[PDB]
$ cat coords_4.txt   # compact mmCIF, N, CA and C atoms
# COMPACT_ATOMS: atom_id res chain seq x y z
N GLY A 1 31.72 97.11 149.52
CA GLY A 1 33.05 97.37 150.05
C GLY A 1 34.00 97.82 148.94
N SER A 2 35.23 97.31 149.01
CA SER A 2 36.23 97.64 148.02
C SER A 2 36.60 99.12 148.12
N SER A 3 37.67 99.39 148.86
CA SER A 3 38.13 100.75 149.05
C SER A 3 39.48 100.75 149.77
N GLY A 4 40.45 101.42 149.15
CA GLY A 4 41.78 101.50 149.71
C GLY A 4 42.76 102.13 148.72
N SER A 5 43.88 102.60 149.25
CA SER A 5 44.90 103.22 148.43
C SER A 5 46.03 103.76 149.31
N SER A 6 47.25 103.51 148.87
CA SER A 6 48.42 103.96 149.61
C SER A 6 49.70 103.50 148.90
N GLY A 7 50.79 104.18 149.20
CA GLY A 7 52.07 103.85 148.61
C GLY A 7 53.21 104.62 149.29
N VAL A 8 54.05 103.86 149.98
CA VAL A 8 55.18 104.46 150.68
C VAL A 8 56.45 103.68 150.34
N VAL A 9 57.57 104.40 150.39
CA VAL A 9 58.85 103.79 150.08
C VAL A 9 59.34 103.00 151.30
N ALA A 10 60.02 101.89 151.01
CA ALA A 10 60.54 101.04 152.06
C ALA A 10 62.03 100.80 151.83
N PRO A 11 62.85 101.22 152.83
CA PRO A 11 64.29 101.06 152.74
C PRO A 11 64.69 99.60 152.98
N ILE A 12 66.00 99.37 152.96
CA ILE A 12 66.52 98.03 153.17
C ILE A 12 66.20 97.58 154.60
N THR A 13 65.23 96.68 154.69
CA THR A 13 64.82 96.16 155.98
C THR A 13 64.88 94.63 155.99
N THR A 14 65.76 94.11 156.82
CA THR A 14 65.93 92.67 156.93
C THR A 14 65.81 92.01 155.55
N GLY A 15 65.39 90.75 155.56
CA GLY A 15 65.23 90.01 154.33
C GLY A 15 65.95 88.66 154.41
N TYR A 16 67.27 88.72 154.30
CA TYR A 16 68.08 87.51 154.36
C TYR A 16 68.01 86.87 155.75
N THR A 17 68.32 85.58 155.79
CA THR A 17 68.30 84.85 157.04
C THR A 17 69.53 83.95 157.16
N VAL A 18 69.98 83.77 158.39
CA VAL A 18 71.14 82.94 158.65
C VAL A 18 70.76 81.47 158.52
N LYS A 19 71.73 80.67 158.11
CA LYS A 19 71.51 79.24 157.94
C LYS A 19 72.08 78.50 159.15
N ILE A 20 71.19 77.84 159.88
CA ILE A 20 71.59 77.09 161.05
C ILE A 20 72.24 75.77 160.62
N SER A 21 73.56 75.81 160.53
CA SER A 21 74.32 74.63 160.12
C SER A 21 74.46 73.67 161.30
N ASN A 22 75.05 74.19 162.38
CA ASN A 22 75.25 73.39 163.57
C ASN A 22 74.02 73.49 164.47
N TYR A 23 73.41 72.34 164.72
CA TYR A 23 72.22 72.28 165.55
C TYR A 23 72.14 70.95 166.30
N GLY A 24 71.91 71.06 167.60
CA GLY A 24 71.81 69.87 168.44
C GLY A 24 70.42 69.24 168.32
N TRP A 25 70.42 67.91 168.25
CA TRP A 25 69.17 67.17 168.14
C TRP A 25 69.32 65.87 168.93
N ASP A 26 68.20 65.41 169.46
CA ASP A 26 68.19 64.19 170.24
C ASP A 26 66.87 63.44 169.99
N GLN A 27 66.94 62.12 170.14
CA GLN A 27 65.78 61.29 169.94
C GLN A 27 65.64 60.28 171.08
N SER A 28 64.39 59.99 171.42
CA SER A 28 64.11 59.05 172.49
C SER A 28 62.91 58.17 172.12
N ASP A 29 62.90 56.97 172.68
CA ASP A 29 61.82 56.03 172.42
C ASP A 29 60.51 56.61 172.95
N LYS A 30 59.95 57.54 172.19
CA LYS A 30 58.70 58.17 172.58
C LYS A 30 58.42 59.35 171.65
N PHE A 31 59.40 60.25 171.57
CA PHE A 31 59.27 61.42 170.73
C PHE A 31 60.65 61.96 170.33
N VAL A 32 60.63 62.90 169.40
CA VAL A 32 61.87 63.51 168.92
C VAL A 32 61.85 65.00 169.25
N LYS A 33 63.02 65.50 169.63
CA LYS A 33 63.15 66.91 169.97
C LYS A 33 64.53 67.40 169.55
N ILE A 34 64.57 68.64 169.09
CA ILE A 34 65.82 69.24 168.65
C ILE A 34 66.13 70.46 169.52
N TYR A 35 67.41 70.73 169.67
CA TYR A 35 67.85 71.87 170.47
C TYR A 35 68.94 72.66 169.75
N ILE A 36 68.58 73.88 169.36
CA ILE A 36 69.52 74.74 168.66
C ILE A 36 69.90 75.91 169.57
N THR A 37 71.12 76.38 169.40
CA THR A 37 71.62 77.50 170.19
C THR A 37 71.36 78.82 169.47
N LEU A 38 70.36 79.54 169.95
CA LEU A 38 70.00 80.82 169.37
C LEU A 38 69.75 81.83 170.48
N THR A 39 70.73 82.70 170.68
CA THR A 39 70.63 83.73 171.71
C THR A 39 69.74 84.88 171.23
N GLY A 40 68.56 84.96 171.82
CA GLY A 40 67.61 86.00 171.47
C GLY A 40 66.28 85.41 171.03
N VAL A 41 66.33 84.15 170.61
CA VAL A 41 65.14 83.45 170.16
C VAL A 41 64.12 83.43 171.30
N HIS A 42 64.62 83.58 172.51
CA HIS A 42 63.76 83.58 173.69
C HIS A 42 63.29 85.00 173.98
N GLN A 43 63.69 85.92 173.11
CA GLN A 43 63.31 87.31 173.27
C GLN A 43 62.38 87.74 172.13
N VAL A 44 62.54 87.07 171.00
CA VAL A 44 61.72 87.37 169.83
C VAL A 44 60.33 86.78 170.03
N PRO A 45 59.33 87.43 169.36
CA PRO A 45 57.95 86.98 169.45
C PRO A 45 57.73 85.71 168.63
N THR A 46 56.57 85.10 168.83
CA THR A 46 56.23 83.89 168.11
C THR A 46 55.89 84.21 166.66
N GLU A 47 55.89 85.49 166.35
CA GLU A 47 55.58 85.94 165.00
C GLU A 47 56.84 85.91 164.13
N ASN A 48 57.98 86.02 164.79
CA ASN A 48 59.26 86.00 164.09
C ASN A 48 59.74 84.55 163.97
N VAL A 49 59.07 83.67 164.69
CA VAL A 49 59.42 82.26 164.68
C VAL A 49 58.32 81.47 163.97
N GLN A 50 58.61 81.07 162.74
CA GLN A 50 57.66 80.31 161.95
C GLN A 50 58.21 78.92 161.65
N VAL A 51 57.55 77.92 162.23
CA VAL A 51 57.96 76.54 162.04
C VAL A 51 56.74 75.70 161.64
N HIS A 52 56.96 74.81 160.69
CA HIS A 52 55.90 73.95 160.21
C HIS A 52 56.36 72.49 160.25
N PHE A 53 55.51 71.64 160.81
CA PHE A 53 55.82 70.23 160.92
C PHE A 53 55.11 69.43 159.83
N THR A 54 55.77 68.36 159.40
CA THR A 54 55.22 67.50 158.36
C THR A 54 55.26 66.04 158.81
N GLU A 55 55.06 65.16 157.84
CA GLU A 55 55.07 63.73 158.11
C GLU A 55 56.50 63.23 158.28
N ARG A 56 57.38 63.76 157.44
CA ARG A 56 58.78 63.38 157.48
C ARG A 56 59.67 64.59 157.21
N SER A 57 59.46 65.63 157.99
CA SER A 57 60.23 66.86 157.85
C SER A 57 59.69 67.93 158.79
N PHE A 58 60.39 69.05 158.83
CA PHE A 58 60.00 70.16 159.68
C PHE A 58 60.84 71.41 159.39
N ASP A 59 60.14 72.50 159.14
CA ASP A 59 60.81 73.76 158.84
C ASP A 59 60.70 74.69 160.05
N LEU A 60 61.74 75.48 160.26
CA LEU A 60 61.77 76.41 161.37
C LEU A 60 62.47 77.70 160.93
N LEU A 61 61.70 78.78 160.93
CA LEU A 61 62.23 80.07 160.54
C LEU A 61 62.36 80.97 161.77
N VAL A 62 63.34 81.85 161.72
CA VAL A 62 63.58 82.77 162.83
C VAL A 62 64.04 84.12 162.28
N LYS A 63 63.18 85.11 162.44
CA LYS A 63 63.49 86.45 161.97
C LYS A 63 63.77 87.36 163.17
N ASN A 64 64.38 88.50 162.88
CA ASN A 64 64.71 89.46 163.92
C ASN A 64 65.22 88.71 165.15
N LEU A 65 66.53 88.53 165.19
CA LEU A 65 67.16 87.83 166.31
C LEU A 65 68.27 88.71 166.89
N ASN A 66 69.43 88.10 167.06
CA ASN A 66 70.58 88.81 167.60
C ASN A 66 71.20 89.67 166.51
N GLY A 67 70.51 90.76 166.19
CA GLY A 67 70.99 91.67 165.17
C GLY A 67 71.00 91.00 163.79
N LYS A 68 70.21 89.95 163.68
CA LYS A 68 70.12 89.21 162.43
C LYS A 68 68.99 88.18 162.53
N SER A 69 68.82 87.44 161.44
CA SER A 69 67.78 86.42 161.40
C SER A 69 68.40 85.05 161.13
N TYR A 70 67.70 84.02 161.59
CA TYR A 70 68.18 82.66 161.41
C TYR A 70 67.08 81.78 160.80
N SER A 71 67.52 80.76 160.07
CA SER A 71 66.59 79.84 159.43
C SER A 71 67.08 78.41 159.60
N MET A 72 66.13 77.51 159.78
CA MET A 72 66.45 76.10 159.95
C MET A 72 65.31 75.21 159.44
N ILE A 73 65.65 74.39 158.46
CA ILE A 73 64.67 73.49 157.87
C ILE A 73 65.30 72.10 157.70
N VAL A 74 64.47 71.09 157.89
CA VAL A 74 64.93 69.71 157.76
C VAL A 74 64.00 68.96 156.80
N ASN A 75 64.60 68.45 155.73
CA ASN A 75 63.84 67.71 154.74
C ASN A 75 64.33 66.26 154.71
N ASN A 76 63.39 65.34 154.85
CA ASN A 76 63.71 63.93 154.85
C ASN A 76 64.14 63.50 156.25
N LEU A 77 63.20 62.93 156.98
CA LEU A 77 63.47 62.48 158.33
C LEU A 77 63.51 60.95 158.35
N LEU A 78 64.54 60.43 159.02
CA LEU A 78 64.70 58.99 159.12
C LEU A 78 63.34 58.33 159.31
N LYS A 79 62.60 58.86 160.28
CA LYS A 79 61.27 58.33 160.57
C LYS A 79 60.25 59.47 160.49
N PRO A 80 58.96 59.07 160.29
CA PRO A 80 57.89 60.03 160.19
C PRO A 80 57.53 60.61 161.56
N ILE A 81 56.76 61.69 161.53
CA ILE A 81 56.35 62.34 162.76
C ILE A 81 54.92 62.87 162.60
N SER A 82 54.28 63.10 163.74
CA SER A 82 52.91 63.60 163.73
C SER A 82 52.91 65.13 163.76
N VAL A 83 52.30 65.71 162.74
CA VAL A 83 52.23 67.16 162.64
C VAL A 83 51.34 67.70 163.76
N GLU A 84 50.06 67.39 163.66
CA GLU A 84 49.10 67.84 164.66
C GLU A 84 49.69 67.68 166.07
N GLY A 85 50.37 66.57 166.26
CA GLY A 85 50.99 66.28 167.55
C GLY A 85 52.30 67.06 167.72
N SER A 86 52.97 67.27 166.59
CA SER A 86 54.23 67.99 166.60
C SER A 86 54.04 69.38 167.21
N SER A 87 55.03 69.79 167.98
CA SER A 87 54.98 71.09 168.63
C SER A 87 56.38 71.71 168.66
N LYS A 88 56.41 73.03 168.82
CA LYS A 88 57.67 73.75 168.86
C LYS A 88 57.76 74.53 170.18
N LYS A 89 58.96 74.58 170.72
CA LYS A 89 59.20 75.28 171.97
C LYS A 89 60.46 76.14 171.85
N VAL A 90 60.60 77.06 172.78
CA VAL A 90 61.75 77.95 172.79
C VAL A 90 62.30 78.06 174.21
N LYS A 91 63.59 77.79 174.33
CA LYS A 91 64.25 77.85 175.63
C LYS A 91 65.22 79.03 175.65
N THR A 92 65.84 79.24 176.80
CA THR A 92 66.79 80.32 176.97
C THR A 92 67.89 80.23 175.91
N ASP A 93 67.97 81.28 175.09
CA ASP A 93 68.97 81.33 174.04
C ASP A 93 69.01 79.98 173.32
N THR A 94 67.85 79.35 173.23
CA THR A 94 67.74 78.06 172.58
C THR A 94 66.32 77.84 172.06
N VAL A 95 66.24 77.17 170.92
CA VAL A 95 64.95 76.89 170.30
C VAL A 95 64.70 75.38 170.33
N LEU A 96 63.52 75.02 170.81
CA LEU A 96 63.14 73.62 170.89
C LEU A 96 62.16 73.29 169.76
N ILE A 97 62.28 72.07 169.26
CA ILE A 97 61.42 71.61 168.18
C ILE A 97 60.94 70.19 168.48
N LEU A 98 59.80 70.12 169.15
CA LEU A 98 59.22 68.84 169.50
C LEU A 98 58.56 68.22 168.27
N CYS A 99 59.04 67.04 167.91
CA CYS A 99 58.52 66.33 166.76
C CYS A 99 57.96 64.99 167.23
N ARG A 100 56.64 64.87 167.13
CA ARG A 100 55.97 63.64 167.54
C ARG A 100 56.53 62.45 166.77
N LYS A 101 56.54 61.30 167.44
CA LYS A 101 57.04 60.08 166.83
C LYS A 101 55.87 59.29 166.23
N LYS A 102 55.91 59.16 164.92
CA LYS A 102 54.86 58.43 164.21
C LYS A 102 54.80 57.00 164.74
N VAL A 103 55.93 56.54 165.25
CA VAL A 103 56.01 55.19 165.79
C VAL A 103 57.05 55.16 166.92
N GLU A 104 56.55 54.96 168.13
CA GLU A 104 57.41 54.90 169.30
C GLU A 104 58.31 53.67 169.24
N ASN A 105 59.22 53.59 170.19
CA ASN A 105 60.15 52.46 170.26
C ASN A 105 60.92 52.37 168.94
N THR A 106 61.61 53.45 168.62
CA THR A 106 62.40 53.51 167.40
C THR A 106 63.64 54.37 167.60
N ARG A 107 64.71 53.98 166.91
CA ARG A 107 65.96 54.71 167.01
C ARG A 107 66.21 55.50 165.72
N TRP A 108 66.87 56.64 165.89
CA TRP A 108 67.17 57.50 164.75
C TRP A 108 68.70 57.55 164.60
N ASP A 109 69.19 56.77 163.66
CA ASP A 109 70.62 56.72 163.40
C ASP A 109 71.08 58.07 162.84
N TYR A 110 70.12 58.83 162.36
CA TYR A 110 70.41 60.14 161.80
C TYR A 110 69.14 60.99 161.70
N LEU A 111 69.27 62.24 162.14
CA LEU A 111 68.15 63.16 162.11
C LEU A 111 67.40 63.00 160.79
N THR A 112 68.17 62.96 159.71
CA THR A 112 67.59 62.81 158.38
C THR A 112 68.18 61.58 157.68
N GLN A 113 67.58 61.25 156.55
CA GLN A 113 68.03 60.10 155.77
C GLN A 113 69.32 60.45 155.02
N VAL A 114 69.35 61.66 154.49
CA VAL A 114 70.51 62.12 153.75
C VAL A 114 71.78 61.64 154.45
N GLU A 115 71.97 62.13 155.67
CA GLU A 115 73.13 61.76 156.45
C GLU A 115 73.35 60.24 156.41
N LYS A 116 72.28 59.52 156.71
CA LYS A 116 72.34 58.07 156.70
C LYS A 116 72.91 57.59 155.36
N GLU A 117 72.12 57.76 154.32
CA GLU A 117 72.53 57.36 152.99
C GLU A 117 74.02 57.65 152.78
N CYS A 118 74.35 58.93 152.85
CA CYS A 118 75.73 59.35 152.67
C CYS A 118 76.61 58.52 153.61
N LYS A 119 76.31 58.62 154.90
CA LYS A 119 77.06 57.89 155.91
C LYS A 119 77.27 56.45 155.43
N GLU A 120 76.16 55.79 155.16
CA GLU A 120 76.21 54.41 154.70
C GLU A 120 76.19 54.36 153.17
N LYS A 121 77.38 54.51 152.59
CA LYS A 121 77.51 54.48 151.14
C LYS A 121 77.66 53.03 150.68
N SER A 122 78.78 52.43 151.07
CA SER A 122 79.06 51.06 150.70
C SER A 122 78.51 50.11 151.77
N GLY A 123 77.24 49.76 151.62
CA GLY A 123 76.59 48.87 152.55
C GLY A 123 75.56 47.99 151.84
N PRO A 124 74.76 47.26 152.67
CA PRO A 124 73.74 46.38 152.13
C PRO A 124 72.54 47.18 151.62
N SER A 125 72.80 47.98 150.59
CA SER A 125 71.76 48.80 150.00
C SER A 125 70.69 47.91 149.36
N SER A 126 71.14 47.10 148.41
CA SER A 126 70.24 46.20 147.71
C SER A 126 69.85 45.04 148.63
N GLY A 127 68.57 44.68 148.56
CA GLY A 127 68.06 43.59 149.38
C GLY A 127 68.07 43.97 150.86

$ encode --input "coords_4.txt" --output "structure tokens"
Amino acid sequence: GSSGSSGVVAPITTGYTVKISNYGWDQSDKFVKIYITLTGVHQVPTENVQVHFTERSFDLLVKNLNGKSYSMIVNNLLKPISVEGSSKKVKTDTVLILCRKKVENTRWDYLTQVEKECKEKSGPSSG
């Protein structure tokens, strides 16, 4: 084998992505799911939507959207989640992010720990 050759110029095509600051999320004694408002995400292919689930985090990318691209990643989750079990969904002008609950019957005071920590600055940290 081993055979190929080509070279063409490529103009300014996409690249940058929007940062999803405001995003709705909810948790229930069973599983975790997030709901973001993205008009067009229900029109874009699953190829433009790249999301990866982890043990305590989850990344979600969104390219080619409403005349732009959006990105959403969460690092440090109050509680762990099941990747294999974790799944992603897309609703009308909305993106769903099903995150399996590593342990059911649990409450999430905050999507992530960061918020918590910050939120709870002067508290019973030690002990």

$ atom_distance --input "coords_4.txt" --atom1 "CA of residue 38 (chain A)" --atom2 "CA of residue 95 (chain A)"
6.5 Å

$ closest_residue --input "coords_4.txt" --among "A:112, A:46, A:122, A:86" --to "residue 31 (chain A)" --atoms "only C-alpha atoms"
A:86

$ closest_residue --input "coords_4.txt" --among "A:125, A:105, A:28, A:17" --to "residue 72 (chain A)" --atoms "only N, CA and C atoms"
A:17

$ residues_around --input "coords_4.txt" --residues "residue 80 (chain A)" --least-positions-apart "5" --cutoff "9 Å" --atoms "only C-alpha atoms" --output "list in words"
residues 54, 55, 56, 57, 100, 101, 102 and 103 of chain A

$ write_last_selection --input "coords_4.txt" --atoms "N, CA and C atoms" --output "CSV table (one decimal), keeping the file's coordinate frame"
chain,number,residue,atom,x,y,z
A,54,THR,N,55.8,68.4,159.4
A,54,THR,CA,55.2,67.5,158.4
A,54,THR,C,55.3,66.0,158.8
A,55,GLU,N,55.1,65.2,157.8
A,55,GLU,CA,55.1,63.7,158.1
A,55,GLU,C,56.5,63.2,158.3
A,56,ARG,N,57.4,63.8,157.4
A,56,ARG,CA,58.8,63.4,157.5
A,56,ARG,C,59.7,64.6,157.2
A,57,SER,N,59.5,65.6,158.0
A,57,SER,CA,60.2,66.9,157.8
A,57,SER,C,59.7,67.9,158.8
A,100,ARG,N,56.6,64.9,167.1
A,100,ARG,CA,56.0,63.6,167.5
A,100,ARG,C,56.5,62.4,166.8
A,101,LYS,N,56.5,61.3,167.4
A,101,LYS,CA,57.0,60.1,166.8
A,101,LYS,C,55.9,59.3,166.2
A,102,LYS,N,55.9,59.2,164.9
A,102,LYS,CA,54.9,58.4,164.2
A,102,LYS,C,54.8,57.0,164.7
A,103,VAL,N,55.9,56.5,165.2
A,103,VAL,CA,56.0,55.2,165.8
A,103,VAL,C,57.0,55.2,166.9

$ closest_residue --input "coords_4.txt" --among "A:74, A:20, A:114, A:10" --to "residue 37 (chain A)" --atoms "only C-alpha atoms"
A:20

$ closest_residue --input "coords_4.txt" --among "A:73, A:12, A:81, A:44" --to "residue 58 (chain A)" --atoms "only N, CA and C atoms"
A:73

$ residues_around --input "coords_4.txt" --residues "residue 60 (chain A)" --least-positions-apart "6" --cutoff "8 Å" --atoms "all atoms listed in the file" --output "list in words"
residues 48, 49, 50, 51, 52, 53, 70, 71, 72, 73 and 74 of chain A

$ write_last_selection --input "coords_4.txt" --atoms "N, CA and C atoms" --output "PDB file, in the frame of the given file"
ATOM      1  N   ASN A  48      57.980  86.020 164.790  1.00  0.00           N
ATOM      2  CA  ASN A  48      59.260  86.000 164.090  1.00  0.00           C
ATOM      3  C   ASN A  48      59.740  84.550 163.970  1.00  0.00           C
ATOM      4  N   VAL A  49      59.070  83.670 164.690  1.00  0.00           N
ATOM      5  CA  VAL A  49      59.420  82.260 164.680  1.00  0.00           C
ATOM      6  C   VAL A  49      58.320  81.470 163.970  1.00  0.00           C
ATOM      7  N   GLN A  50      58.610  81.070 162.740  1.00  0.00           N
ATOM      8  CA  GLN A  50      57.660  80.310 161.950  1.00  0.00           C
ATOM      9  C   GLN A  50      58.210  78.920 161.650  1.00  0.00           C
ATOM     10  N   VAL A  51      57.550  77.920 162.230  1.00  0.00           N
ATOM     11  CA  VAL A  51      57.960  76.540 162.040  1.00  0.00           C
ATOM     12  C   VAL A  51      56.740  75.700 161.640  1.00  0.00           C
ATOM     13  N   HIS A  52      56.960  74.810 160.690  1.00  0.00           N
ATOM     14  CA  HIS A  52      55.900  73.950 160.210  1.00  0.00           C
ATOM     15  C   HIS A  52      56.360  72.490 160.250  1.00  0.00           C
ATOM     16  N   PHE A  53      55.510  71.640 160.810  1.00  0.00           N
ATOM     17  CA  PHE A  53      55.820  70.230 160.920  1.00  0.00           C
ATOM     18  C   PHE A  53      55.110  69.430 159.830  1.00  0.00           C
ATOM     19  N   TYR A  70      67.700  84.020 161.590  1.00  0.00           N
ATOM     20  CA  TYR A  70      68.180  82.660 161.410  1.00  0.00           C
ATOM     21  C   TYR A  70      67.080  81.780 160.800  1.00  0.00           C
ATOM     22  N   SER A  71      67.520  80.760 160.070  1.00  0.00           N
ATOM     23  CA  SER A  71      66.590  79.840 159.430  1.00  0.00           C
ATOM     24  C   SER A  71      67.080  78.410 159.600  1.00  0.00           C
ATOM     25  N   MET A  72      66.130  77.510 159.780  1.00  0.00           N
ATOM     26  CA  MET A  72      66.450  76.100 159.950  1.00  0.00           C
ATOM     27  C   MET A  72      65.310  75.210 159.440  1.00  0.00           C
ATOM     28  N   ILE A  73      65.650  74.390 158.460  1.00  0.00           N
ATOM     29  CA  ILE A  73      64.670  73.490 157.870  1.00  0.00           C
ATOM     30  C   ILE A  73      65.300  72.100 157.700  1.00  0.00           C
ATOM     31  N   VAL A  74      64.470  71.090 157.890  1.00  0.00           N
ATOM     32  CA  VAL A  74      64.930  69.710 157.760  1.00  0.00           C
ATOM     33  C   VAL A  74      64.000  68.960 156.800  1.00  0.00           C
TER      34      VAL A  74
END

$ atom_distance --input "coords_4.txt" --atom1 "atom C of residue 109 (chain A)" --atom2 "CA of residue 42 (chain A)"
28.7 Å

$ atom_distance --input "coords_4.txt" --atom1 "atom N of residue 33 (chain A)" --atom2 "atom N of residue 16 (chain A)"
28.1 Å

$ residues_around --input "coords_4.txt" --residues "residue 96 (chain A)" --least-positions-apart "2" --cutoff "7 Å" --atoms "only N, CA and C atoms" --output "PDB file with N, CA and C atoms, in the frame of the given file"
ATOM      1  N   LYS A  33      63.020  65.500 169.630  1.00  0.00           N
ATOM      2  CA  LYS A  33      63.150  66.910 169.970  1.00  0.00           C
ATOM      3  C   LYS A  33      64.530  67.400 169.550  1.00  0.00           C
ATOM      4  N   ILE A  34      64.570  68.640 169.090  1.00  0.00           N
ATOM      5  CA  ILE A  34      65.820  69.240 168.650  1.00  0.00           C
ATOM      6  C   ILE A  34      66.130  70.460 169.520  1.00  0.00           C
ATOM      7  N   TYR A  35      67.410  70.730 169.670  1.00  0.00           N
ATOM      8  CA  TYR A  35      67.850  71.870 170.470  1.00  0.00           C
ATOM      9  C   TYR A  35      68.940  72.660 169.750  1.00  0.00           C
ATOM     10  N   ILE A  36      68.580  73.880 169.360  1.00  0.00           N
ATOM     11  CA  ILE A  36      69.520  74.740 168.660  1.00  0.00           C
ATOM     12  C   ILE A  36      69.900  75.910 169.570  1.00  0.00           C
ATOM     13  N   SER A  87      55.030  69.790 167.980  1.00  0.00           N
ATOM     14  CA  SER A  87      54.980  71.090 168.630  1.00  0.00           C
ATOM     15  C   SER A  87      56.380  71.710 168.660  1.00  0.00           C
ATOM     16  N   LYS A  88      56.410  73.030 168.820  1.00  0.00           N
ATOM     17  CA  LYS A  88      57.670  73.750 168.860  1.00  0.00           C
ATOM     18  C   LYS A  88      57.760  74.530 170.180  1.00  0.00           C
ATOM     19  N   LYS A  89      58.960  74.580 170.720  1.00  0.00           N
ATOM     20  CA  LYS A  89      59.200  75.280 171.970  1.00  0.00           C
ATOM     21  C   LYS A  89      60.460  76.140 171.850  1.00  0.00           C
ATOM     22  N   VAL A  90      60.600  77.060 172.780  1.00  0.00           N
ATOM     23  CA  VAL A  90      61.750  77.950 172.790  1.00  0.00           C
ATOM     24  C   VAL A  90      62.300  78.060 174.210  1.00  0.00           C
ATOM     25  N   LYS A  91      63.590  77.790 174.330  1.00  0.00           N
ATOM     26  CA  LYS A  91      64.250  77.850 175.630  1.00  0.00           C
ATOM     27  C   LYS A  91      65.220  79.030 175.650  1.00  0.00           C
ATOM     28  N   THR A  94      67.850  79.350 173.230  1.00  0.00           N
ATOM     29  CA  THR A  94      67.740  78.060 172.580  1.00  0.00           C
ATOM     30  C   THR A  94      66.320  77.840 172.060  1.00  0.00           C
ATOM     31  N   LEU A  98      59.800  70.120 169.150  1.00  0.00           N
ATOM     32  CA  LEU A  98      59.220  68.840 169.500  1.00  0.00           C
ATOM     33  C   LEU A  98      58.560  68.220 168.270  1.00  0.00           C
TER      34      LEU A  98
END

$ residues_around --input "coords_4.txt" --residues "residue 29 (chain A)" --least-positions-apart "3" --cutoff "8 Å" --atoms "only C-alpha atoms" --output "PyMOL selection string"
chain A and resi 104-107

$ closest_residue --input "coords_4.txt" --among "A:97, A:83, A:77, A:32" --to "residue 117 (chain A)" --atoms "only C-alpha atoms"
A:77

$ residues_around --input "coords_4.txt" --residues "residue 15 (chain A)" --least-positions-apart "3" --cutoff "8 Å" --atoms "only N, CA and C atoms" --output "list in words"
residues 12, 18, 63, 64 and 69 of chain A

$ write_last_selection --input "coords_4.txt" --atoms "N, CA and C atoms" --output "mmCIF file, in the frame of the given file"
data_model
loop_
_atom_site.group_PDB
_atom_site.id
_atom_site.type_symbol
_atom_site.label_atom_id
_atom_site.label_comp_id
_atom_site.auth_asym_id
_atom_site.auth_seq_id
_atom_site.Cartn_x
_atom_site.Cartn_y
_atom_site.Cartn_z
ATOM 1 N N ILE A 12 66.000 99.370 152.960
ATOM 2 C CA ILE A 12 66.520 98.030 153.170
ATOM 3 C C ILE A 12 66.200 97.580 154.600
ATOM 4 N N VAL A 18 69.980 83.770 158.390
ATOM 5 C CA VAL A 18 71.140 82.940 158.650
ATOM 6 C C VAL A 18 70.760 81.470 158.520
ATOM 7 N N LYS A 63 63.180 85.110 162.440
ATOM 8 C CA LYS A 63 63.490 86.450 161.970
ATOM 9 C C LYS A 63 63.770 87.360 163.170
ATOM 10 N N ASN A 64 64.380 88.500 162.880
ATOM 11 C CA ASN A 64 64.710 89.460 163.920
ATOM 12 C C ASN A 64 65.220 88.710 165.150
ATOM 13 N N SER A 69 68.820 87.440 161.440
ATOM 14 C CA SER A 69 67.780 86.420 161.400
ATOM 15 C C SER A 69 68.400 85.050 161.130
#
